[PDB]
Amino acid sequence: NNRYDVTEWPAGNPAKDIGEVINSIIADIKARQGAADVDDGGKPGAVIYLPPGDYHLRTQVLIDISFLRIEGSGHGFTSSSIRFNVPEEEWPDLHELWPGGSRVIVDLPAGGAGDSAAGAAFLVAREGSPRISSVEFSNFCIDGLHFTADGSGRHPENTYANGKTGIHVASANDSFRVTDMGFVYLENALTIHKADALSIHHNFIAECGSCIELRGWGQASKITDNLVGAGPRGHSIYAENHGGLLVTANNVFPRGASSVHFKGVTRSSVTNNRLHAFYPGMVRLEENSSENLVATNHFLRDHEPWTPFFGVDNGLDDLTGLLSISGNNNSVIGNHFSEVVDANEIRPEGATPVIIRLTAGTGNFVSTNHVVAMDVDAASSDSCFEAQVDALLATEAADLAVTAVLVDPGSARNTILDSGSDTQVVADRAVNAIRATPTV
């Protein structure tokens, strides 16, 4: 025992309100595990199992205890975004309509003016000592169900706004795991404050406004092997005030405002990811993000190919850069950048797009980065995945002049090696060490 199955718990009804059921199970664990030091233990925690099923959550789950594992048997993802943009008269012929797996349907109202925490299906919160530790979420689905009108006049299902969060961790935490999950149609998939030695590993986090956000501060954590797709006003991967973070082996696709965004992040590594955006400002190191390694990533920036998101932007223009750095002593090494754009969609009109921009800070080392830039003709089609795939396989283009590296006058004493020809590297040679990539 200490093993519970939500379909076998005698209180509540998991189809109607799985929140109530899980809170009831948590009360039972605490009632049984009252003593902290009996035969060298006494509070080992528990596992709560969700079989495949459609489970409505109407009461927020409060997780107050260490070593709690909540697990299911399916990440359950299907593209609600595609389905909600299929003409409605065709829905009866679709084999299915909704995500599945071990599915928690989040039916909470939007969070108040206090916060988003109130809109989270699972809230992890505990103050005092020690930090809550080794909570595990595994292999289930959290589904926000619908997005809602936002004043823009866009389809309500394409706004990425509903005030719902999948998992929200409010308190300092240690050794947490989020693995094998599916998150869909949430304004925020996963928000974790004050994380130590966290692992976010092998999840599918897509069609959420903002996917992964590490807030407050943190250390010694990792975000690995995820498939991630956000919305144009949110983050794919975000961290602030982290040290020693490792972000690797993620496949991040559209349509977040950015792929990776750091504020005040130090001594971290963003390496070996595949990153694909429809907008500039893919990787942002801001507010003294320093001594970070950004290595061997594949960056692709192109244009949205799917008609229902034509015109949808993140507000940033082509001078922003694909990689933007404000901070000291970073290392940008061995990245590939593909810039695949339509010259007459470049903004501002007639600008030369920038790839890497150093806006502030000193001592950045940028070496052995390959920039390929291409001028294609933009187009939109109605069939989502066909258009996406055709777009990736298309190479049928003219050449395009770009600025591979732009060092603003506010950044100096950088070293730029083999990351562009002299024309491609716009920088003051008197206060930065520049070696042009050899040419013919």
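A residue's number is simply how far along the shown sequence it sits, counting from 1. Between two forms, the rigid core is defined as the largest C-alpha subset superposing within 1.5 Å.
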| property | result |
| --- | --- |
| Stretch with greater C-alpha deviation in 4 other deposited structures of this protein, 188-196 versus 341-349 (rigid core superposition) | 341-349 |
| Residue gap status of residue 264, at least a third of other entries | no |
| At least a third of the other entries leave residue 247 unmodelled | no |
| 181-189 versus 83-91 - which carries the larger mean C-alpha B factor in the record | 83-91 |
| Entry-level comparison of average CA B-factors, 225-233 and 114-122, reporting the higher stretch | 114-122 |
| Residue selected from 57, 50, 31, 68 by maximal Cα B factor | 31 |
| Highest recorded Cα temperature factor - choice among 213, 313, 174, 207 | 313 |
| Position of residue 22 among the chain's modelled residues by C-alpha B-factor, lowest, middle or highest third | middle |
| Chain-relative CA temperature factor third for residue 46 | lowest |
| Position of residue 344 among the chain's modelled residues by C-alpha B-factor, lowest, middle or highest third | highest |
| Lowest, middle or highest third - CA B-factor, residue 271 | lowest |
| Assigned third (lowest, middle, highest) for the C-alpha B factor of residue 282 | middle |
